[PDB]
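One structure is given here, and the rest of the page talks about it.
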Amino acid sequence: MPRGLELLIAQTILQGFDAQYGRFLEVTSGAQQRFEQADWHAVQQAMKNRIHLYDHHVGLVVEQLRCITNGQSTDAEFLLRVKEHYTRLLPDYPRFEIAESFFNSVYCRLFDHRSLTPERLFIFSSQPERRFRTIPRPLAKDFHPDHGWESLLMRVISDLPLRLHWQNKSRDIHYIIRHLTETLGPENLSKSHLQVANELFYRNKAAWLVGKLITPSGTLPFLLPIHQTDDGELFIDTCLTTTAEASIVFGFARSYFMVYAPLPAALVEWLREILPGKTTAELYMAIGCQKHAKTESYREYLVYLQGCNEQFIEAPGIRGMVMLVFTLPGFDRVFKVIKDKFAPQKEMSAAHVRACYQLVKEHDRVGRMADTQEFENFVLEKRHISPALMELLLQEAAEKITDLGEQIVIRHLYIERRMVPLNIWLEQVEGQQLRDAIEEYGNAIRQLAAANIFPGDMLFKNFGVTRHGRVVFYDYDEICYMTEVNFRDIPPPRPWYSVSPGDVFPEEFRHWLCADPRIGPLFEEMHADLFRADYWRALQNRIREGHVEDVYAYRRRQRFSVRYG
Amino acid sequence: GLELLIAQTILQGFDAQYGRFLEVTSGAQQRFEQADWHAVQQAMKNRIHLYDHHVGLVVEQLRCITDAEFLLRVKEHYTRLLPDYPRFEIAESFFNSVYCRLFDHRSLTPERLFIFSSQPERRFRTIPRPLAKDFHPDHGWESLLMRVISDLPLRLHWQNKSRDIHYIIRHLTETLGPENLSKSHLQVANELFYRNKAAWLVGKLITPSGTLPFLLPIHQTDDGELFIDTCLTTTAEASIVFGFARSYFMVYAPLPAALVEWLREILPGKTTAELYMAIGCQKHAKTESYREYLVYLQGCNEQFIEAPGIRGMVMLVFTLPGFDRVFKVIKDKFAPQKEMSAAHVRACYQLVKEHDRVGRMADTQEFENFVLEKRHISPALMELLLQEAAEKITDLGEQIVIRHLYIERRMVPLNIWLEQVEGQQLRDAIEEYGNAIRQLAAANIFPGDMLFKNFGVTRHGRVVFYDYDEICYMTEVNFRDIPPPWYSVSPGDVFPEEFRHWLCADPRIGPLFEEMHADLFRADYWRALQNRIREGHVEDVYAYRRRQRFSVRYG
Ligand SMILES: Nc1ncnc2c1ncn2[C@@H]1O[C@H](COP(=O)(O)OP(=O)(O)O)[C@@H](O)[C@H]1O
Ligand SMILES: Nc1ncnc2c1ncn2[C@@H]1O[C@H](COP(=O)(O)OP(=O)(O)O)[C@@H](O)[C@H]1O
Ligand SMILES: Nc1ncnc2c1ncn2[C@@H]1O[C@H](COP(=O)(O)O)[C@@H](O)[C@H]1O
Ligand SMILES: Nc1ncnc2c1ncn2[C@@H]1O[C@H](COP(=O)(O)O)[C@@H](O)[C@H]1O
Ligand SMILES: [Mn+2]
Ligand SMILES: [Mn+2]
Ligand SMILES: [Mn+2]
Ligand SMILES: [Mn+2]
């Protein structure tokens, strides 16, 4: 059959996705054991492995199509008929939204991400928003405080599958009660109850219980991060009940969660209540469905673009000397394209830059580096581009632009969450907002360093400030691993004094970072360590000794050991 | 008064320089014992840079101390400091380097600096401290080798001393026959030669018929026990271990010239410069190599010519017909295809110079203002020089000056070799070509433009990469599968399937490649290598045929 081939391909693609998501779940399933045996280097390798799964299976499916069709995998009318058959397979399939993403990826491979039209692939979903039926398996369990909250929480902690001893179980329970009472007041507390997700959300050294705390006045997040003693005993480090704290825990600058989710769209829907600020793409990316989040983000971009009456402009701030960065005035994302030629001092390849972006992508981002989404042959309407930006694009990125009459195609760019560059933020805020910004800036350095990321060019212009006031690094092309750096004490005179590649003089940092009397004093007060090579070496040594530094996705004040010790 | 102060400042600088050279070298044992392989790598980078640092310091000292006859008197005072001085040959090199910095490598004459040595050669004298120890088999060879192995200073336990000893006995017996073995002994150098993950015992195997190399490479278990991976007793094998395409050895040598002399008996093919460069005296090797060049030039009766093979589109390459080196100068303008800087090219040569060359990349010696006699230059080459390298040439009447060039050991370009060699020799060449790729890939070097014309074949048949300006790190590359039936490219993209067009177009060669190196056309193979690199693993590299490993030829 000519029609058999069309169906064989459609079933091949869908089979690939069946397997891909099955392997995604199998890797994720192993998060508990990795946590239980504190194999923190297995945890990090698992995040890289799971990140690579989708592209692998897309690749396999494409080579299968290549060998099966013997040429027609490039025929477009053929693959438009495959798409019709594939579309008709989706109404019964549970993960249909991601099945469309997987087909999209296969299509884009076949045609080098060219010729993307709404008829040839699922730029938009082919299925209605008719998915709110009662979930085949409950994804959460209700817990009411019929016998009070002490032995409510003592069942919840009891039902956890974790196979380790608790350091002091009821101590932690009382901590949680203190927080809940101080927050709701005893009367309302006894009226409210929990609905907690049945799967734990794992990240690095933490196992997060994620619930909804439903109260008279409304429903709130309920997050308990579970950590491990150096010995191997479990404790709950805190309790977060604000949407703001939850937004940060599920933040774009953190590694994705490892959470066993056979129906991700259902888990995504359930999370909306406690994450009302997140787009659908952001929620999918928070539970690890990164590639589907890409699909959803291009849709979010299209929605915004068509309803905005603004043009693309260069992003405000200090112009990059390797990246060209533009945005839409009201849009929450930036577009970053690598320049054709970098400043004449700078001897590095565009490929190095791309490699640094991939390094960040599969690293523990530790709440301090933004997630990026790489796009190839991104298409823009000429009419949507500021004349200022269009002139810039053709000066600096000409080799990456091709004309298509009323449109252009950018060969390669990254999409990143938009922030306020810190060099602008520090000119905008005073007193306490300014203190908190410098605290966060220095903490950004420290946490990246302890995670074996040396930021390289640490100037304020290379950090961004989020909606919740957090400082996040985004200039990735001078990153190196901490272990690759040679920290030295005496700064060179500023010829005959020997300095070799990889030499860093933290004492030199104070010249840039304390030049402004509004800022220096504050940096000195809180981050003087950052000017001592011995401090950096200490972090370097702990890293070489295999140690992995704890990271708290919330203020240190909120730790039970702190606010109640 | 200054003239003597200057001579003493320079000589003092060298005293410190070589002292710091030994101290970096001193730490090779501990680095090996604790398998700190990235410490090994950085110590090689550090030690390579030591000399230029100390020259820089001395030059800044001389500058702050603020004629032509003047510096002939500085040189005369310096010369008078040398007759007792033990490492005088390198002291002369160090003076030469200080002079060249002060004078931007201009006006180099035999009177103004030590183009040739000021002292009579001293290989006559008895070494003040023995550098090697004799070992006779009075109680047989089983407990001879257990004496040397026990006497080693290495502080680790052995996987199986007695096995490794038996292994070595098999080799010696199979090589000499039980009779010649009995009237034979070892003279083994007292310092181990450290390189990457190996500690080499280096000896002389003295037989009735003559003297032979005796090399035992000492390796480490993944857990940390010592074993001897083999025993090499041919000069050819020794020449390869000390080859121009391998990293220098780290070997404690208080009298480097004495060690060079001792090394001559084994390794009889190497120039003096090559022996100095094999034990890490890279800058002094440059001095000795310009002397070797001058010697050859005066006795040759031929002119400089463009080097045989495919003309380079970024480098211009010439040589002397009977000479063992090529000169490579960066072109003024590159072919319109290649979008790159002279600075990129210089950077890639610098990458290779301080990289573990892993036996697959040639060492280069950079020269500034290299002076040639016009009468020595072929009219063909002279036209090429002025067409392609005009900005780098200045006229000085009867001579020209090349601003910048690299000198490299000369080989037969592989595209020529493959037209010369057949059957088994041809199989061996393609085996080596693919292994050069593989070994470079595992060392995080992506060769870039891997066509045969960019590799050379050595005197001993080994394939060595020499086109450095398209090198990049494996970790910087994005290996991709080709979309079916053109398609274009994002930064770093490489399509290993495309290799087949170029590398298998010839029916004499392609088939042999598929047989032995089909992996190299599969994106999965390269991606696998990429990951092993990122997951921190460092690939073993054996400076000898895999067959010769004891675990293989005896297990
Ligand atoms: N996530 C972001 N949000 C807002 N602005 C950004 C973001 N990333 C980059 N920019 C802006 O683009 C510029 C260049 O970004 P950067 O990644 O630092 O490129 P380069 O390496 O060329 O300096 C910055 O100075 C800043 O103005
Ligand atoms: N070590 C060498 N031995 C012999 N010939 C060489 C050597 N290095 C370069 N060549 C010759 O010079 C040419 C250009 O060398 P290469 O380094 O590849 O320059 P390019 O980068 O311009 O290709 C080669 O095609 C070959 O003929
Ligand atoms: N240039 C592009 N324009 C719009 N969508 C794209 C583009 N490239 C990839 N995508 C979408 O991103 C998702 C993942 O693609 P890929 O990264 O190719 O696996 C799919 O939904 C694709 O259709
Ligand atoms: N252009 C040159 N011609 C001849 N010899 C040189 C040249 N440049 C450097 N040398 C020699 O190379 C050795 C090291 O020099 P340098 O690279 O300047 O440290 C010294 O013996 C120098 O005399
Ligand atoms: Mn920047
Ligand atoms: Mn940058
Ligand atoms: Mn070449
Ligand atoms: Mn080249």
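So you can find residues: chains in the structure tokens are A, B, ... in the order shown, residues in each start at 1, and ligands are numbered from 1 in order.
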Using only C-alpha atoms, determine which residues lie at most 10 Å from residue 524 in chain B, disregarding the query and same-chain residues fewer than 3 positions distant; provide the list as a compact mmCIF listing (two decimals) with N, CA, C and O atoms, in the first residue's frame.
```
# COMPACT_ATOMS: atom_id res chain seq x y z
N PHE B 479 27.94 17.07 17.30
CA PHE B 479 27.93 16.01 16.31
C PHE B 479 26.50 15.70 15.89
O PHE B 479 25.64 15.47 16.74
N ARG B 480 26.25 15.68 14.60
CA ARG B 480 24.88 15.56 14.12
C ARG B 480 24.74 14.46 13.09
O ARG B 480 25.70 14.10 12.39
N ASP B 481 23.52 13.92 12.99
CA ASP B 481 23.13 12.99 11.94
C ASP B 481 22.60 13.81 10.77
O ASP B 481 21.99 14.86 10.96
N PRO B 496 29.57 13.50 10.92
CA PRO B 496 30.58 12.46 10.62
C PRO B 496 30.26 11.61 9.39
O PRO B 496 31.17 10.99 8.83
N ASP B 519 33.50 3.08 12.72
CA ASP B 519 33.00 3.89 13.83
C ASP B 519 33.09 5.38 13.54
O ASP B 519 32.20 6.16 13.91
N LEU B 520 34.17 5.81 12.88
CA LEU B 520 34.45 7.23 12.73
C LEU B 520 33.43 7.95 11.87
O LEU B 520 33.43 9.19 11.84
N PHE B 521 32.56 7.23 11.17
CA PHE B 521 31.50 7.85 10.37
C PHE B 521 30.18 7.92 11.11
O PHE B 521 29.19 8.39 10.54
N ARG B 527 29.97 11.08 19.76
CA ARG B 527 29.22 11.51 20.94
C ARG B 527 29.66 10.70 22.16
O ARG B 527 29.87 11.27 23.25
N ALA B 528 29.84 9.39 21.99
CA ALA B 528 30.33 8.55 23.09
C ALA B 528 31.66 9.06 23.60
O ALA B 528 31.85 9.26 24.81
N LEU B 529 32.60 9.31 22.69
CA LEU B 529 33.90 9.84 23.09
C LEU B 529 33.74 11.17 23.80
O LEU B 529 34.42 11.44 24.80
N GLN B 530 32.88 12.04 23.27
CA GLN B 530 32.59 13.32 23.91
C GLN B 530 32.18 13.15 25.36
O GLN B 530 32.65 13.88 26.25
```
For the interface of chain A with ligand 3 (cut-off 8 Å, counting only C-alpha atoms and all ligand atoms), please tabulate each contacting residue of chain A alongside its nearest pair of atoms and their separation in Å to one decimal, rows sorted by chain and increasing number, as a Markdown table.
```
| residue | atom | partner | partner_atom_place_in_ligand_line | distance |
| --- | --- | --- | --- | --- |
| A:54 | CA | ligand 3 | 19 (O) | 7.6 |
| A:55 | CA | ligand 3 | 19 (O) | 6.4 |
| A:58 | CA | ligand 3 | 19 (O) | 7.4 |
| A:100 | CA | ligand 3 | 21 (O) | 7.4 |
| A:101 | CA | ligand 3 | 21 (O) | 4.5 |
| A:102 | CA | ligand 3 | 20 (C) | 7.0 |
| A:103 | CA | ligand 3 | 20 (C) | 7.8 |
| A:104 | CA | ligand 3 | 23 (O) | 4.4 |
| A:105 | CA | ligand 3 | 19 (O) | 3.9 |
| A:106 | CA | ligand 3 | 19 (O) | 7.2 |
| A:107 | CA | ligand 3 | 23 (O) | 7.8 |
| A:108 | CA | ligand 3 | 18 (O) | 5.4 |
| A:109 | CA | ligand 3 | 18 (O) | 6.5 |
| A:113 | CA | ligand 3 | 8 (N) | 5.7 |
| A:114 | CA | ligand 3 | 1 (N) | 7.3 |
| A:116 | CA | ligand 3 | 3 (N) | 6.7 |
| A:121 | CA | ligand 3 | 23 (O) | 7.0 |
| A:122 | CA | ligand 3 | 23 (O) | 6.9 |
| A:123 | CA | ligand 3 | 23 (O) | 5.9 |
| A:291 | CA | ligand 3 | 14 (C) | 5.2 |
| A:292 | CA | ligand 3 | 13 (C) | 6.2 |
| A:293 | CA | ligand 3 | 13 (C) | 7.8 |
| A:294 | CA | ligand 3 | 12 (O) | 4.9 |
| A:295 | CA | ligand 3 | 21 (O) | 3.6 |
| A:296 | CA | ligand 3 | 21 (O) | 7.2 |
| A:298 | CA | ligand 3 | 5 (N) | 5.7 |
| A:374 | CA | ligand 3 | 17 (O) | 7.3 |
| A:375 | CA | ligand 3 | 8 (N) | 5.2 |
| A:376 | CA | ligand 3 | 1 (N) | 5.0 |
| A:377 | CA | ligand 3 | 1 (N) | 4.7 |
| A:378 | CA | ligand 3 | 1 (N) | 4.0 |
| A:379 | CA | ligand 3 | 1 (N) | 6.5 |
```
So that I have them on file, write out the residues from the current selection with C-alpha atoms, as a PDB file, in the first residue's frame.
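So the final result, stored in part05.pdb, reads:
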```
ATOM      1  CA  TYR A  54      13.919  12.903  24.051  1.00  0.00           C
ATOM      2  CA  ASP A  55      16.477  13.950  21.443  1.00  0.00           C
ATOM      3  CA  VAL A  58      13.561  11.523  18.027  1.00  0.00           C
ATOM      4  CA  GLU A 100       2.210  16.162  19.123  1.00  0.00           C
ATOM      5  CA  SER A 101       5.483  17.643  20.391  1.00  0.00           C
ATOM      6  CA  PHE A 102       7.313  14.418  19.536  1.00  0.00           C
ATOM      7  CA  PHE A 103       5.886  14.435  16.010  1.00  0.00           C
ATOM      8  CA  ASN A 104       6.866  18.094  15.726  1.00  0.00           C
ATOM      9  CA  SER A 105      10.447  17.168  16.616  1.00  0.00           C
ATOM     10  CA  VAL A 106      10.528  14.360  14.066  1.00  0.00           C
ATOM     11  CA  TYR A 107       9.201  16.719  11.395  1.00  0.00           C
ATOM     12  CA  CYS A 108      11.794  19.342  12.283  1.00  0.00           C
ATOM     13  CA  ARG A 109      14.635  16.860  11.988  1.00  0.00           C
ATOM     14  CA  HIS A 113      13.720  22.955  11.105  1.00  0.00           C
ATOM     15  CA  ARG A 114      12.515  24.489   7.845  1.00  0.00           C
ATOM     16  CA  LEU A 116       7.168  24.871   9.723  1.00  0.00           C
ATOM     17  CA  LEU A 121       2.967  19.906  12.162  1.00  0.00           C
ATOM     18  CA  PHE A 122       1.248  20.679  15.459  1.00  0.00           C
ATOM     19  CA  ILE A 123       2.366  24.279  15.859  1.00  0.00           C
ATOM     20  CA  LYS A 291      10.960  19.752  25.107  1.00  0.00           C
ATOM     21  CA  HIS A 292       7.200  19.951  25.398  1.00  0.00           C
ATOM     22  CA  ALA A 293       7.673  23.235  27.272  1.00  0.00           C
ATOM     23  CA  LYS A 294       9.465  24.433  24.153  1.00  0.00           C
ATOM     24  CA  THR A 295       6.356  23.560  22.131  1.00  0.00           C
ATOM     25  CA  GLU A 296       4.141  25.411  24.609  1.00  0.00           C
ATOM     26  CA  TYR A 298       6.363  28.955  20.945  1.00  0.00           C
ATOM     27  CA  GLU A 374      17.683  26.799  21.781  1.00  0.00           C
ATOM     28  CA  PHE A 375      15.795  27.498  18.557  1.00  0.00           C
ATOM     29  CA  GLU A 376      17.060  26.987  15.022  1.00  0.00           C
ATOM     30  CA  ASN A 377      15.739  28.943  12.044  1.00  0.00           C
ATOM     31  CA  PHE A 378      13.417  31.108  14.059  1.00  0.00           C
ATOM     32  CA  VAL A 379      11.210  33.081  11.686  1.00  0.00           C
TER      33      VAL A 379
END
```
Check which residues of chain A sit at most 6 Å from ligand 5 using only C-alpha atoms and all ligand atoms, and return one row each with the closest pair of atoms and their distance in Å to one decimal, ordered by chain and rising number, as JSON lines.
```
{"residue": "A:320", "atom": "CA", "partner": "ligand 5", "partner_atom_place_in_ligand_line": "1 (Mn)", "distance": 5.1}
{"residue": "A:462", "atom": "CA", "partner": "ligand 5", "partner_atom_place_in_ligand_line": "1 (Mn)", "distance": 4.6}
{"residue": "A:475", "atom": "CA", "partner": "ligand 5", "partner_atom_place_in_ligand_line": "1 (Mn)", "distance": 5.0}
```
Enumerate, in order of chain and increasing residue number, the residues of chain B with an atom no farther than 9 Å from chain A, each with its shortest atom pair and distance in Å to one decimal, counting only C-alpha atoms, as CSV.
```
residue,atom,partner,partner_atom,distance
B:46,CA,A:500,CA,8.7
B:49,CA,A:500,CA,8.7
B:52,CA,A:498,CA,8.9
B:53,CA,A:498,CA,5.9
B:54,CA,A:496,CA,8.8
B:55,CA,A:496,CA,8.8
B:56,CA,A:496,CA,5.1
B:57,CA,A:496,CA,5.6
B:58,CA,A:496,CA,8.8
B:59,CA,A:496,CA,7.9
B:60,CA,A:496,CA,6.4
B:343,CA,A:347,CA,7.9
B:344,CA,A:347,CA,7.0
B:347,CA,A:347,CA,8.3
B:472,CA,A:349,CA,9.0
B:473,CA,A:352,CA,8.9
B:475,CA,A:355,CA,7.0
B:476,CA,A:355,CA,5.3
B:477,CA,A:351,CA,6.8
B:478,CA,A:351,CA,8.3
B:481,CA,A:59,CA,8.0
B:483,CA,A:110,CA,5.5
B:484,CA,A:110,CA,6.4
B:485,CA,A:74,CA,6.0
B:487,CA,A:112,CA,6.2
B:488,CA,A:112,CA,7.5
B:489,CA,A:411,CA,7.8
B:490,CA,A:412,CA,6.2
B:491,CA,A:351,CA,4.9
B:492,CA,A:351,CA,4.6
B:493,CA,A:351,CA,8.3
```
Keeping N, CA and C atoms, export the residues of the selection given above as an mmCIF file, in the first residue's frame.
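As a result, part_7.cif now contains:
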```
data_model
loop_
_atom_site.group_PDB
_atom_site.id
_atom_site.type_symbol
_atom_site.label_atom_id
_atom_site.label_comp_id
_atom_site.auth_asym_id
_atom_site.auth_seq_id
_atom_site.Cartn_x
_atom_site.Cartn_y
_atom_site.Cartn_z
ATOM 1 N N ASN B 46 52.803 24.449 33.373
ATOM 2 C CA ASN B 46 53.603 25.374 34.169
ATOM 3 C C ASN B 46 55.062 25.319 33.746
ATOM 4 N N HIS B 49 56.289 26.994 30.720
ATOM 5 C CA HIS B 49 56.322 28.452 30.750
ATOM 6 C C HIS B 49 57.423 29.026 31.628
ATOM 7 N N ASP B 52 60.471 31.319 29.978
ATOM 8 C CA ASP B 52 60.116 32.643 29.485
ATOM 9 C C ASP B 52 59.795 33.598 30.626
ATOM 10 N N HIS B 53 59.189 33.106 31.717
ATOM 11 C CA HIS B 53 58.953 33.965 32.880
ATOM 12 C C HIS B 53 60.262 34.527 33.413
ATOM 13 N N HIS B 54 61.233 33.649 33.672
ATOM 14 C CA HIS B 54 62.476 34.085 34.297
ATOM 15 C C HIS B 54 63.269 35.002 33.373
ATOM 16 N N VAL B 55 63.254 34.731 32.067
ATOM 17 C CA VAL B 55 63.830 35.682 31.122
ATOM 18 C C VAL B 55 63.133 37.030 31.253
ATOM 19 N N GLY B 56 61.805 37.020 31.346
ATOM 20 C CA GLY B 56 61.086 38.273 31.487
ATOM 21 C C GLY B 56 61.523 39.048 32.709
ATOM 22 N N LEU B 57 61.579 38.373 33.857
ATOM 23 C CA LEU B 57 62.013 39.031 35.083
ATOM 24 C C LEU B 57 63.410 39.611 34.930
ATOM 25 N N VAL B 58 64.353 38.812 34.427
ATOM 26 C CA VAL B 58 65.720 39.299 34.278
ATOM 27 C C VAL B 58 65.757 40.500 33.346
ATOM 28 N N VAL B 59 64.916 40.489 32.312
ATOM 29 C CA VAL B 59 64.918 41.598 31.365
ATOM 30 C C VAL B 59 64.398 42.861 32.035
ATOM 31 N N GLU B 60 63.373 42.728 32.884
ATOM 32 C CA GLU B 60 62.868 43.882 33.621
ATOM 33 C C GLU B 60 63.905 44.377 34.622
ATOM 34 N N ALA B 343 45.566 35.601 14.370
ATOM 35 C CA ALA B 343 45.597 35.378 15.811
ATOM 36 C C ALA B 343 44.981 34.033 16.183
ATOM 37 N N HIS B 344 43.934 33.614 15.474
ATOM 38 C CA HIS B 344 43.395 32.276 15.695
ATOM 39 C C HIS B 344 44.446 31.215 15.400
ATOM 40 N N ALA B 347 46.933 31.041 17.985
ATOM 41 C CA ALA B 347 46.316 30.463 19.176
ATOM 42 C C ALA B 347 46.223 28.948 19.078
ATOM 43 N N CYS B 472 39.625 22.110 17.152
ATOM 44 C CA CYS B 472 38.854 22.596 18.284
ATOM 45 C C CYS B 472 38.690 21.450 19.272
ATOM 46 N N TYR B 473 38.299 21.790 20.494
ATOM 47 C CA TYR B 473 38.067 20.763 21.495
ATOM 48 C C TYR B 473 36.836 19.939 21.145
ATOM 49 N N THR B 475 34.703 18.819 23.120
ATOM 50 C CA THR B 475 33.566 19.295 23.894
ATOM 51 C C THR B 475 32.889 20.496 23.246
ATOM 52 N N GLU B 476 33.562 21.190 22.341
ATOM 53 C CA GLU B 476 32.955 22.323 21.659
ATOM 54 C C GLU B 476 32.151 21.921 20.425
ATOM 55 N N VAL B 477 32.151 20.643 20.052
ATOM 56 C CA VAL B 477 31.584 20.199 18.783
ATOM 57 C C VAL B 477 30.175 19.676 19.006
ATOM 58 N N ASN B 478 29.289 19.945 18.051
ATOM 59 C CA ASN B 478 27.933 19.390 18.052
ATOM 60 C C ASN B 478 27.839 18.355 16.937
ATOM 61 N N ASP B 481 23.516 13.923 12.992
ATOM 62 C CA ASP B 481 23.126 12.991 11.944
ATOM 63 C C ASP B 481 22.600 13.810 10.772
ATOM 64 N N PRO B 483 20.241 15.026 7.909
ATOM 65 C CA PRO B 483 18.842 14.858 7.524
ATOM 66 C C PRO B 483 18.764 14.237 6.134
ATOM 67 N N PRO B 484 17.761 13.400 5.885
ATOM 68 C CA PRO B 484 17.657 12.748 4.571
ATOM 69 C C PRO B 484 17.401 13.774 3.487
ATOM 70 N N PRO B 485 17.497 13.374 2.214
ATOM 71 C CA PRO B 485 17.331 14.272 1.062
ATOM 72 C C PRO B 485 16.106 15.198 1.098
ATOM 73 N N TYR B 487 20.921 21.186 3.480
ATOM 74 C CA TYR B 487 20.664 21.508 4.877
ATOM 75 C C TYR B 487 21.829 22.332 5.405
ATOM 76 N N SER B 488 21.554 23.310 6.282
ATOM 77 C CA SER B 488 22.674 24.072 6.832
ATOM 78 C C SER B 488 22.823 23.917 8.357
ATOM 79 N N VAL B 489 23.625 24.830 8.937
ATOM 80 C CA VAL B 489 24.527 24.521 10.049
ATOM 81 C C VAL B 489 24.505 25.622 11.107
ATOM 82 N N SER B 490 24.504 25.206 12.376
ATOM 83 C CA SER B 490 24.603 26.052 13.556
ATOM 84 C C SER B 490 25.995 25.906 14.162
ATOM 85 N N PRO B 491 26.418 26.848 15.004
ATOM 86 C CA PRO B 491 27.813 26.835 15.473
ATOM 87 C C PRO B 491 28.260 25.499 16.056
ATOM 88 N N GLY B 492 29.392 24.995 15.555
ATOM 89 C CA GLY B 492 29.987 23.774 16.059
ATOM 90 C C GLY B 492 29.495 22.486 15.431
ATOM 91 N N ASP B 493 28.611 22.552 14.443
ATOM 92 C CA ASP B 493 27.997 21.343 13.916
ATOM 93 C C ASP B 493 28.969 20.564 13.048
#
```
Could you list, as a count of residues only, every residue within 9 Å of residue 145 in chain B, counting only C-alpha atoms and ignoring same-chain residues fewer than 4 positions away? 8
Counting only C-alpha atoms, what is within 9 Å of residue 167 in chain B, bar same-chain residues fewer than 6 positions away, as a ChimeraX atom specification? /B:228,230-231,550,554
List the neighbours of residue 397 in chain A out to 9 Å using only C-alpha atoms; skip same-chain residues closer than 6 positions along the sequence, and give me the result as a PDB file with C-alpha atoms, in the first residue's frame.
```pdb
ATOM      1  CA  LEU A 324      22.947  40.218  20.362  1.00  0.00           C
ATOM      2  CA  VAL A 337      21.786  35.306  19.120  1.00  0.00           C
ATOM      3  CA  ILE A 338      25.530  34.776  18.888  1.00  0.00           C
ATOM      4  CA  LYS A 339      27.289  37.531  16.965  1.00  0.00           C
ATOM      5  CA  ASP A 340      29.212  36.850  13.773  1.00  0.00           C
ATOM      6  CA  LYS A 341      32.361  38.531  15.087  1.00  0.00           C
ATOM      7  CA  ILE A 410      17.619  33.445  12.226  1.00  0.00           C
TER       8      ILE A 410
END
```
For ligand 8, return the neighbouring residues as a short mmCIF file (atom, residue, chain, number, x, y, z; two decimals) with N, CA and C atoms, in the first residue's frame (distance at most 6 Å; only C-alpha atoms and all ligand atoms).
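Dumped everything to pocket_33.cif:
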```cif
data_model
loop_
_atom_site.label_atom_id
_atom_site.label_comp_id
_atom_site.auth_asym_id
_atom_site.auth_seq_id
_atom_site.Cartn_x
_atom_site.Cartn_y
_atom_site.Cartn_z
N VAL B 314 46.26 28.47 4.38
CA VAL B 314 46.55 29.48 5.40
C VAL B 314 48.04 29.56 5.68
N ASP B 467 48.01 20.01 10.76
CA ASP B 467 47.23 21.18 10.34
C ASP B 467 46.38 21.65 11.52
N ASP B 469 45.06 24.78 12.41
CA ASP B 469 44.21 25.95 12.48
C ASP B 469 42.72 25.62 12.40
N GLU B 470 42.35 24.37 12.15
CA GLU B 470 40.96 23.96 12.24
C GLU B 470 40.72 23.05 13.44
#
```
Shell of 6 Å around ligand 2 (only C-alpha atoms and all ligand atoms), written as a compact mmCIF listing (two decimals) with C-alpha atoms, in the first residue's frame:
```txt
# COMPACT_ATOMS: atom_id res chain seq x y z
CA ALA B 307 57.50 21.83 0.69
CA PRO B 308 56.10 18.94 -1.40
CA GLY B 309 52.38 18.20 -1.22
CA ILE B 310 49.07 20.01 -1.28
CA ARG B 311 49.64 23.73 -0.97
CA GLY B 312 48.21 25.13 2.23
CA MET B 313 45.63 27.89 2.07
CA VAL B 314 46.55 29.48 5.40
CA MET B 315 50.19 28.43 5.83
CA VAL B 317 55.57 25.88 3.98
CA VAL B 326 59.88 22.41 7.57
CA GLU B 408 58.36 21.61 12.66
CA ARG B 409 59.81 18.15 12.22
CA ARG B 410 59.41 17.16 8.59
CA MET B 411 57.34 14.15 7.56
CA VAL B 412 55.96 12.65 4.35
CA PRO B 413 52.42 14.01 3.82
CA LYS B 453 47.03 15.97 3.29
CA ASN B 454 46.91 17.31 6.86
CA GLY B 456 52.37 13.34 8.05
CA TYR B 466 50.04 18.88 11.59
CA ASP B 467 47.23 21.18 10.34
CA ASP B 469 44.21 25.95 12.48
```
For the strand (DSSP E) assignment from backbone DSSP, which residues of range 191-419 of chain B qualify? Please present them as a ChimeraX atom specification. /B:193-195,198-206,211-220,226-228,305-306,315-319,325-330,364-373,393-396,399-409,412-413
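CA of residue 86 in chain B is found 16.5 Å from CA of residue 20 in chain B.
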Show me, as a PyMOL selection string, the residues that have an atom within 12 Å of residue 267 in chain A when counting only C-alpha atoms, minus same-chain residues fewer than 4 positions from it. chain A and resi 95+132+135+137-140+196-199+201+210-211+259-263+271-275+280+283-284+286-289
Can you list, as an MDAnalysis selection string, all residues belonging to range 233-453 of chain B that DSSP tags as alpha helix (DSSP H)? chainID B and resid 235:241 256:265 272:278 282:299 342:353 379:388 414:417 423:442
Near residue 387 in chain A, counting only C-alpha atoms, which residues have an atom at most 12 Å away, once you skip same-chain residues fewer than 3 positions from it, shown as a PyMOL selection string? chain A and resi 311-314+382-384+390-394
